[PDB]
Amino acid sequence: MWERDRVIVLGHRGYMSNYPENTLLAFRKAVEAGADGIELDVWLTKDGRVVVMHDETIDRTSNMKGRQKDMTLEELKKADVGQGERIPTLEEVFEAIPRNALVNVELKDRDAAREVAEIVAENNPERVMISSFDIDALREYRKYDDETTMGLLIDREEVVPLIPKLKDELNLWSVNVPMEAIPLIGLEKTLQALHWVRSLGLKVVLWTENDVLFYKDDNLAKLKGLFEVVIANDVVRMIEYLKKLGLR
Ligand SMILES: [Mg+2]
């Protein structure tokens, strides 16, 4: 399911450019706009529920304050996360979108690993990908699920040398890396790094801050053929760009 000819487009926290991030509304809209799937962030509540929130706290996206790890689900459901949307549980999300929609669950909380794995098992795990910046979260997830597709998010240069070992340890499908690499080490070195990871047998998932580096200098086009998935805030804009390049 993650291995396919057509480049995969995921809405970052749903169609977050046009709808409130990490909401059922945003998720539905992304898929309704033609995205292959969604990406989202999860944490474990004080009562053992898996909830969708990017930040460690609800302050930025909600009308309320607090750390979700320190709240119950019921407390959490008080909040307004945009346009009357409530913070969803992971199960709520699977219910909301098609059964074959791709879902990249980003584990923000190692404590959530076991629950996430159980829910995933019940919800067409073949279309699921687990990723994290936190290697320990990934290691914990592997205690409970050794089959589901896994990606390593990277934003530190020093992590890169570790990739071969991590791949073997975690059985990674992909590394999930930022367009920010280009201004950082230059396009050519970025191309070389991508070749390196591919030489390991890894696939590649691309992301950036607020979609800006995908389009600047036509950076994304330069990477043609070296990536299998893109995570984008503006789903439609990304789909249009890919069509223009003959990739959609
Ligand atoms: Mg995320």
Side-chain angles (χ1 to χ4, degrees), residues 1-42 52-55 60-62 80-88 90 92-106 124 127-129 131 149 151 153 174 176-183 187 190 194 203-248:
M1 290 203 73
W2 291 94
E3 310 264 7
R4 50 168 73 175
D5 295 326
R6 188 168 70 167
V7 162
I8 293 155
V9 172
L10 309 187
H12 181 220
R13 303 173 207 166
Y15 195 170
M16 74 172 276
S17 64
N18 296 21
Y19 303 90
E21 64 169 78
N22 270 153
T23 59
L24 294 183
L25 174 53
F27 299 135
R28 287 185 272 118
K29 289 281 180 202
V31 169
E32 184 196 78
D36 311 305
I38 64 171
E39 181 269 3
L40 65 64
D41 313 298
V42 300
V52 182
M53 180 62 59
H54 175 83
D55 301 344
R60 185 178 61 84
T61 61
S62 89
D80 189 333
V81 282
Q83 288 177 39
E85 288 295 296
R86 309 299 181 188
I87 292 172
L90 177 54
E92 267 182 83
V93 179
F94 283 120
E95 285 317 288
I97 65 186
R99 306 293 165 173
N100 71 315
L102 299 166
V103 183
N104 176 20
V105 181
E106 184 190 347
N124 286 3
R127 48 71 175 267
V128 169
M129 153 191 301
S131 63
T149 300
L153 281 150
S174 68
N176 299 22
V177 297
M179 300 291 302
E180 278 80 347
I182 292 174
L187 173 57
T190 301
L194 293 174
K203 305 300 192 250
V204 171
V205 176
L206 294 174
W207 60 275
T208 199
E209 170 177 22
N210 192 36
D211 282 4
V212 155
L213 288 167
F214 283 135
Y215 311 109
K216 191 162 168 177
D217 298 322
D218 267 306
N219 281 337
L220 183 54
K222 314 300 176 62
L223 303 186
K224 170 200 191 158
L226 302 175
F227 65 92
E228 283 68 34
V229 180
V230 300
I231 296 175
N233 292 12
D234 188 338
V235 153
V236 174
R237 183 190 186 186
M238 177 59 65
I239 287 169
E240 296 295 313
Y241 187 84
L242 295 175
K243 287 170 176 176
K244 180 66 157 336
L245 296 181
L247 301 178
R248 204 135 177 111

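In this chain, residues are counted from 1 in sequence order. Side-chain atoms are counted along with the backbone in the values below, which use heavy atoms only and exclude waters and symmetry mates.
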J.: Is any side-chain heavy atom of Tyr215 closer than 4.5 Å to a side-chain heavy atom of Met238?
T.: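 They are in contact (side-chain heavy atoms under 4.5 Å apart), so the answer is yes.
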J.: Run the side chain to side chain contact (heavy atoms under 4.5 Å, CB included) test against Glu240 and tell me which residues pass, sequence neighbours left out.
T.: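 Partners of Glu240 by the side chain to side chain contact (heavy atoms under 4.5 Å, CB included) criterion, ordered by chain and then number, come out as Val236, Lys243.
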J.: Please check: side-chain N/O of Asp211 versus main-chain N/O of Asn233, any donor-acceptor pairing under 3.5 Å?
T.: yes
J.: Within this structure, what is the CE-CG distance for the pair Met129 and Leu10, rounded to the nearest 0.5 Å?
T.: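 Taking CE in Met129 and CG in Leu10, the distance rounds to 7.5 Å.
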J.: Test side chain to side chain contact (heavy atoms under 4.5 Å, CB included) on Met1 and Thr149 and set out the steps.
T.: CA-CA 10 Å; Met1 290 203 73; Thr149 300; over 6 Å; no
J.: If you round to the nearest 0.5 Å, how far is CH2 of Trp207 from CE of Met179?
T.: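 Between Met179 CE and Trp207 CH2, I get 11.5 Å after rounding to 0.5 Å.
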J.: Would you confirm whether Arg127, through its side chain, and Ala101, through its main-chain N or O, come within 3.5 Å as a donor-acceptor pair?
T.: yes
J.: Can you name the closest pair of heavy atoms from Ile87 and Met53 and give their distance?
T.: CD1-CE, 3.7 Å
J.: To check you understand the geometry: which heavy-atom pair defines the closest contact between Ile239 and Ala35, and what is its length?
T.: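 Shortest heavy-atom separation between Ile239 and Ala35 comes out as CD1-N, 3.9 Å.
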J.: Got more than 12 heavy atoms from elsewhere within 6.0 Å of CD, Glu3?
T.: yes
J.: Does the pair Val9 and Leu242 meet the rule for a side chain to side chain contact (heavy atoms under 4.5 Å, CB included), with working shown?
T.: CA-CA 9 Å; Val9 172; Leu242 295 175; 3.4 Å; yes
J.: Restricting to side chain to side chain contact (heavy atoms under 4.5 Å, CB included), what partner residues turn up for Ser62, sequence neighbours left out?
T.: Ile58, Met64, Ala79, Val81
J.: Under 4.5 Å between any side-chain heavy atoms of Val93 and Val52, yes or no?
T.: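 Answer yes - side chains close enough.
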J.: State the CG-CD1 distance between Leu24 and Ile38, to the nearest 0.5 angstrom.
T.: 9.0 Å
J.: Of all residues at least two apart in sequence or in a different chain, which pass the ring-ring contact (aromatic ring centres under 6.0 Å, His included) check with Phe94?
T.: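 Residues passing ring-ring contact (aromatic ring centres under 6.0 Å, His included) with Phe94: none at all.
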J.: Where is the tightest heavy-atom contact between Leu206 and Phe214, given as atom of each residue plus distance?
T.: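 Shortest heavy-atom contact: O-CZ, 4.0 Å.
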J.: If every non-hydrogen atom of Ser131 is compared with every non-hydrogen atom of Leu153, which pair is closest and at what distance?
T.: OG-CD1, 3.5 Å
J.: Please determine whether side chain to side chain contact (heavy atoms under 4.5 Å, CB included) holds for the pair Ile231 and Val205, giving the CA-CA distance in whole Å, both sets of side-chain angles, and the decisive distance to 0.1 Å.
T.: CA-CA 7 Å; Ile231 296 175; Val205 176; 3.8 Å; yes
J.: Using modelled atom types and a 3.5 Å cut-off, is there a donor and acceptor pairing between side-chain atoms of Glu180 and backbone atoms of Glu209?
T.: yes
J.: Compare every heavy atom of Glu92 with every heavy atom of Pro88, then report the nearest pair and how far apart it is.
T.: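 That would be CA-OE2, 3.7 Å.
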J.: With sequence neighbours excluded, give me every salt bridge (charged side-chain N to carboxylate O under 4.0 Å, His left out) pair touching residues 213-232.
T.: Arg198-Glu228
J.: Only counting residues at least two apart or in another chain, list the ones meeting side chain to side chain contact (heavy atoms under 4.5 Å, CB included) with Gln83.
T.: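 For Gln83 the side chain to side chain contact (heavy atoms under 4.5 Å, CB included) partners, ignoring immediate neighbours, are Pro20, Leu25.
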J.: Does anything in residues 4-22 form a salt bridge (charged side-chain N to carboxylate O under 4.0 Å, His left out)? List the pairs, not counting sequence neighbours.
T.: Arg6-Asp36, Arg13-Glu21, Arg13-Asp41, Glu21-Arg60
J.: Taking salt bridge (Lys or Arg N to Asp or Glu O under 4.0 Å) as the definition, give me every residue that meets it alongside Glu95, ordered by chain and number, with sequence neighbours left out.
T.: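 With neighbours one apart ignored, the set is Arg99.
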J.: Any side-chain to backbone donor/acceptor pair from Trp2 onto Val128? Under 3.5 Å, distance only.
T.: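 Yes.
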J.: My understanding is that only residues two or more places apart in sequence, or in another chain, count here; which of them pass side-chain hydrogen bond (donor to acceptor under 3.5 Å, both in side chains) with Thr23?
T.: none
J.: Taking atom OG1 of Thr190 and atom CG of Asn219, what is their separation to the nearest 0.5 Å?
T.: 8.5 Å
J.: For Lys244, which residues count as a side chain to side chain contact (heavy atoms under 4.5 Å, CB included) partner, sequence neighbours excluded?
T.: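 Testing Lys244 for side chain to side chain contact (heavy atoms under 4.5 Å, CB included), a comparison that skips the adjacent residues, returns none.
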J.: Do we see a donor-acceptor contact under 3.5 Å between the side chains of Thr208 and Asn210?
T.: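 The answer is no; no qualifying pair exists.
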J.: Applying ring-ring contact (aromatic ring centres under 6.0 Å, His included), name anything that partners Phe227, two or more places apart in sequence or on another chain.
T.: none
J.: List the atom of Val177, the atom of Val204, and the distance in Å for their closest heavy-atom pair.
T.: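 Residues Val177 and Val204, closest heavy atoms: CG2-CG1, 4.4 Å.
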J.: Among all residues two or more places apart in sequence or in another chain, which pass the ring-ring contact (aromatic ring centres under 6.0 Å, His included) test with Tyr15?
T.: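 Result, ring-ring contact (aromatic ring centres under 6.0 Å, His included) vs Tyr15: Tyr19.
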J.: Distance-only criterion, 3.5 Å: show the donor-acceptor pairs between side-chain atoms of residues 27-34 and protein atoms not counting sequence neighbours.
T.:
none

J.: Please round to the nearest 0.5 Å and tell me the distance separating atom OH of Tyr241 and atom CG of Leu220.
T.: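 The CG atom of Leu220 is 5.0 Å from OH of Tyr241, to the nearest 0.5 Å.
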J.: Test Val103 against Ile97 for side chain to side chain contact (heavy atoms under 4.5 Å, CB included), laying out the working first.
T.: CA-CA 10 Å; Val103 183; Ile97 65 186; 3.9 Å; yes
